[PDB]
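Take a look at the structure set out below.
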6 protein chains.
Amino acid sequence: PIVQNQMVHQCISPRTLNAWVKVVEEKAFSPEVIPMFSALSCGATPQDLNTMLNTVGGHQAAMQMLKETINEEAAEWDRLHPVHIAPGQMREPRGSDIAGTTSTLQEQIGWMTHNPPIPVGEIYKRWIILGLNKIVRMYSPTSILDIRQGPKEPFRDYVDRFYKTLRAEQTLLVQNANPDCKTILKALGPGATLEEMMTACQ
Amino acid sequence: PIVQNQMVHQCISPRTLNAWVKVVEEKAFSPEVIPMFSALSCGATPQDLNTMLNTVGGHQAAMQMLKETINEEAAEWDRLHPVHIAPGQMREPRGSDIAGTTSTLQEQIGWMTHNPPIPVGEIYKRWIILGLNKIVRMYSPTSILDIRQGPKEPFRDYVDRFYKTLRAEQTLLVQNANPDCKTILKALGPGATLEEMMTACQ
Amino acid sequence: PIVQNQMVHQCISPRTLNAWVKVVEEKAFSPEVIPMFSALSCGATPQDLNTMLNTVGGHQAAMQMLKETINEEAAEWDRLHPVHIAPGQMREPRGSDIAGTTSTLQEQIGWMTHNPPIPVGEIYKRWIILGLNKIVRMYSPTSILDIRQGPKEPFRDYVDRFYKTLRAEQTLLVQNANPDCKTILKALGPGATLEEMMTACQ
Amino acid sequence: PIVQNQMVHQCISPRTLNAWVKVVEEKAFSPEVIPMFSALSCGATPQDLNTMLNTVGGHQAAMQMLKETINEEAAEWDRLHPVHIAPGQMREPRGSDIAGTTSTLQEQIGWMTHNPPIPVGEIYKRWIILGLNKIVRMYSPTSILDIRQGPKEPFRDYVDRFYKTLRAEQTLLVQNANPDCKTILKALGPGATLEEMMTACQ
Amino acid sequence: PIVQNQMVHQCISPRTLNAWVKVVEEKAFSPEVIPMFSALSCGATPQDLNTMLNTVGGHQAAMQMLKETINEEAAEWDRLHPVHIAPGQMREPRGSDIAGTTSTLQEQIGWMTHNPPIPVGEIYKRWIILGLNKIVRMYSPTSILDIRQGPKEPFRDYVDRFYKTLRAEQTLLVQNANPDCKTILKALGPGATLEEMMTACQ
Amino acid sequence: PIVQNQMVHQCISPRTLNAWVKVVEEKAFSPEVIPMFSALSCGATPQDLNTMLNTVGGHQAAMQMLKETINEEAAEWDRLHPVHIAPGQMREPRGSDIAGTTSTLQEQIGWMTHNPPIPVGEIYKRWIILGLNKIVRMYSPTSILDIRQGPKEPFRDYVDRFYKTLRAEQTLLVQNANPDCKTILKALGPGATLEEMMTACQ
Ligand SMILES: Nc1ncnc2c1ncn2[C@@H]1O[C@H](COP(=O)(O)OP(=O)(O)OP(=O)(O)O)[C@@H](O)[C@H]1O
């Protein structure tokens, strides 16, 4: 990453490398993996972003869809930012320079530490996260329409499932409740908070 | 977080990220999780606060009630602190800027490091903790009225349960004791410390 | 804690938080937990002291006796140190300011880093340790009078039990020995070291 | 490695040493091991590169093929860069100096920290990675021609295998699909993204 | 400990505390525990030395013999170094000040950082190690006279036992060997190295 | 060790201590332990080198052979470097000063940080490694002459054994192959690389 002592390059730590690889193994593409990726890549150069993605051993169908999303975002960058060099001067980054495939570590450090910065790590991280969200939505196993409260399922457990499914995918909470809790909820009237709905069905 | 070398931004550590995620998995919303959250988010920007909350994989009913509490506190902030910008100058934070949804990391660092600081991380952390306490009270399984000493339960074990329940929820200790220890406690008179009550029933 | 770079505030580390919580879970109130608490809270502000105590999930009977001891020590502080403020000036700490309930982190840092320091963390830590020792003595299961060497128990194992019990609670070692080792010990005469007693009964 | 405080030598950390040794034990020469090696050897001197390779306990057939690749690359270096010394002056590195066998740590630090740097660690790391890729291709158990979707294998699982095999080794995805998904894929027409192919066969 | 940034006090780390406690639990008073204690207490003040010893939960017979050795060494210090104070000046340390029982942390830091240092931590560590060696010799289960090679025990395994026992306790290696290896060893003549003895009996 | 902030003494870390002790327990004197020892003792003073060797609990036959090798190397040092002191001046190191038995930590730091350095840690580490290699060769269980490919053993697995044995101990690879792979290898002609031999017998 690039961090403060002036703004300097540091080696990606063995601990960050290991944390990312373990979250992916333990959680696959459950939605919470995305804000973990984002937090573990704080300050990341594009090189570091490629290291984290390249160190994942399975999920190669997912990694391949991610390259497609990366190439689409890169081509849209080249559309808005054509390039045309000057000895000892900085070249403008193209899509593939941002994605880390045709830029060196030194070019990346030079863009990221310029005054003002050309923030190639934050740009690439936005493309990667966009790709990762399409994958989370892909691998979401259930429609929110099939999250229905069981006859003897505690309301809380049902709400946990309902919002878990809705996060992976993205009135109806009440409709999908079981008869008994549904009746209690119809009676609360409009404008009930989730806290009030969950207290009523306890 | 923001910490001292002057006051600088540091990346949230893999170790803090991991600690928070594990305490939540192992303890759910037992009350002791709150002072752990508070301690692990020392110096946190609002961005970091959102990272810790977003990295929790289950308990999405709880996370949703928390957003409601956050939005209520944010709307009360906008009520007391309306906003109306000046080139190169700091804008005043609204509720949603404090909660980290419409403020950038740079705005957050600028508020938090101003002289005097606009402490957006400490403000948001107070809203989050308020939300978390309502959740601890929600998920508290037992009324203190149903904590009663068993016929052969050691007094200490009963007191542990009584104060555990009372912490999750928030004369009667003696009333809820078993006949034998109850008799010993009635005899101590008024003004007995817990230490004396527990010595008597040993 | 407060530590040296001048004397600065640092966030309590995830590793200290975790160490304290694990020693308590694994050892309860065996006496050795006290010097661990003392060592893990080196440099602690009163806020940090409250964090370590608040993060303990069970033993709420013990935590409650501890508050009683804290309030007693605080009331004795107010007896010896009454307070009576001056813009931009430091107020004198009362008992509850020392215990961290009515003082802010900033007041605590200001007392602890003053020339000369008002060492509010070391004062509160002494109250806490006093409370913790009363708890260690409470939860000590056995009188030293019931530590007696078994007919075929190795002398060393018996001495380990004898001093373990005596530490939790706080001529007789010989009296409580088994007939055979007792006879060997009577013969050594007065003025035998523990090393000599233990060599004789090997 | 060599890292920034000026550019200084630091001891390879016990944590890097241990991470490398564990990834090799747990993953052998699955392709993802290569970008892990590259990331764990950030800043590495040739000495450090030899330490990481020498600390691997099995796979000695692989380590021996790696020496062959190293010697070939070293001989090609000597072909393009003959050497011919001046008191207190730097000698030019030969192949075996780059590979760390006839250069000392001090010569290595002197090349790597010169203005401009003679980047002996990055040169040797490129040779090592080249050798490691030939080993990944060697130990790849399956041809992509034998990755065929099973009659009841979910399409995603098949794509994971297909791209896993293709990474170890390096129209046909559709050909190798099962009849039912093959028919759906023929109908999509040309120019389907992987995301669209995978949605269709869900 | 006291370490270099000038010479400053640092908090004993949770990791040192934990390492010491685990080596004692896993190894008791096997001899190798002594050089581990010595290495984990590098820079230790007497306070830190007491923390490491006080955090050990069992072996209280051993801890008590250790106090006896400490008091003997302290009384011998007072015999050679009597004391007789000057405002703002350093007092001379007595035995019990060195052992950490009547000296404060500040006195300890003042002795240890004086020009020239009064090295109270290194003095106390020598007393502790002396005590620890008497304990290692106490708990040594076997005389070297009962280490004899078994009829089918590999010579190496026997030598491992022989030197293990001799380290806990502190011509005969050959005498204690089995008939067959004994005969081979008699034939080597005088002046055989251990390497040659062990090669001969392979 | 001695490391850079100028060149300063640092305490050997609990993590290095623990890593060395675990590699020895898990790997004994498999050859890869040597470059791990060398890497974990980067910057080591002779004191640190003795700490790492003294903290090993078993293998005391091996530790004793190591002392013999150390004493031989030390006597050869005294043969080439006799000594003959000057107030406030540095004495010349003898063999036993280098090995850490008659030199203090301060003498060691003074030799190692002199301009030019008298590198007593690197000298002693070379003696130790020499001793360790004689031990690796001792404990090598098999001659390379008894590494022969089994009738149904994959060629790779056989090559792994062949080079594992050859590393512990230090045309024939082909001779020791099984009939079928032997025939394929005879046909390749002279000048086949290991990669080509291993491809042919796949
Ligand atoms: N949640 C946890 N609970 C218990 N132990 C943990 C946890 N997380 C990490 N550890 C311990 O810490 C190890 C990983 O981190 P480590 O202890 O090596 O810290 P470190 O990197 O040395 O700290 P620093 O970088 O500050 O020196 C693990 O092997 C484990 O023993």
Side-chain angles (χ1 to χ4, degrees), chain A residues 1 3 10-23 25-27 36 40 42, chain B residues 1 3 10-28 32-33 36-37 39-40 42 52 55-57, chain C residues 1 3 10-27 36 40 42 52 55-57, chain D residues 1 3 10-23 25-26 40 42, chain E residues 1 3 10-23 25-26 40 42, chain F residues 1 3 10-23 25-26 40:
Chain A
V3 290
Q10 285 206 328
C11 301
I12 192 168
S13 87
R15 198 144 214 170
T16 304
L17 286 156
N18 185 55
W20 170 236
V21 153
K22 294 328 197 179
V23 190
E25 285 176 356
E26 277 131 65
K27 297 294 193 82
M36 190 66 71
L40 293 172
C42 175
Chain B
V3 290
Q10 285 206 328
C11 301
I12 192 168
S13 87
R15 198 144 214 170
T16 304
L17 286 156
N18 185 55
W20 170 236
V21 153
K22 294 328 197 179
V23 190
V24 169
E25 285 176 356
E26 277 131 65
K27 297 294 193 82
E32 75 267 29
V33 167
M36 190 66 71
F37 174 77
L40 293 172
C42 175
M52 291 170 69
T55 50
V56 176
Chain C
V3 290
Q10 285 206 328
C11 301
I12 192 168
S13 87
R15 198 144 214 170
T16 304
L17 286 156
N18 185 55
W20 170 236
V21 153
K22 294 328 197 179
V23 190
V24 169
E25 285 176 356
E26 277 131 65
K27 297 294 193 82
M36 190 66 71
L40 293 172
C42 175
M52 291 170 69
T55 50
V56 176
Chain D
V3 290
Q10 285 206 328
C11 301
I12 192 168
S13 87
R15 198 144 214 170
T16 304
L17 286 156
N18 185 55
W20 170 236
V21 153
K22 294 328 197 179
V23 190
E25 285 176 356
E26 277 131 65
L40 293 172
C42 175
Chain E
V3 290
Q10 285 206 328
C11 301
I12 192 168
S13 87
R15 198 144 214 170
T16 304
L17 286 156
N18 185 55
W20 170 236
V21 153
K22 294 328 197 179
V23 190
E25 285 176 356
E26 277 131 65
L40 293 172
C42 175
Chain F
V3 290
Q10 285 206 328
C11 301
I12 192 168
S13 87
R15 198 144 214 170
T16 304
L17 286 156
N18 185 55
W20 170 236
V21 153
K22 294 328 197 179
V23 190
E25 285 176 356
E26 277 131 65
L40 293 172

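Within every chain, numbering begins at 1; the chains are lettered A, B, ... in the order of the sequence lines, protein sequences first and strands thereafter. All ligand and atom numbering here is 1-based and tracks the order in the structure. Side chains are part of it too, since the values below use all heavy atoms of this structure and drop only hydrogens, waters and symmetry mates.
- The CD1 atom of C:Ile12 lies 4.5 Å from the CG atom of C:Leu17; values are rounded to the nearest 0.5 Å.
- For the residue pair E:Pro1 and E:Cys42, the shortest heavy atom distance occurs at CB-O, 3.8 Å.
- The residues lining ligand 1, counting any heavy atom closer than 4.0 Å, are A:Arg15, B:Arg15, C:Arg15, C:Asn18, D:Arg15, E:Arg15, F:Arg15.
- A heavy-atom distance below 4.5 Å is not found between the side chains of B:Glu32 and B:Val23.
- A distance of 9.5 Å separates OG1 in A:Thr16 from CD in A:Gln10, rounded to the nearest 0.5 Å.
- With sequence neighbours excluded, no residue forms a side chain to side chain donor-acceptor pair (under 3.5 Å) with B:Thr55.
- Contact record, C:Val56 with C:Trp20: CG2-NE1, 3.5 Å, taken as the closest heavy-atom pair.
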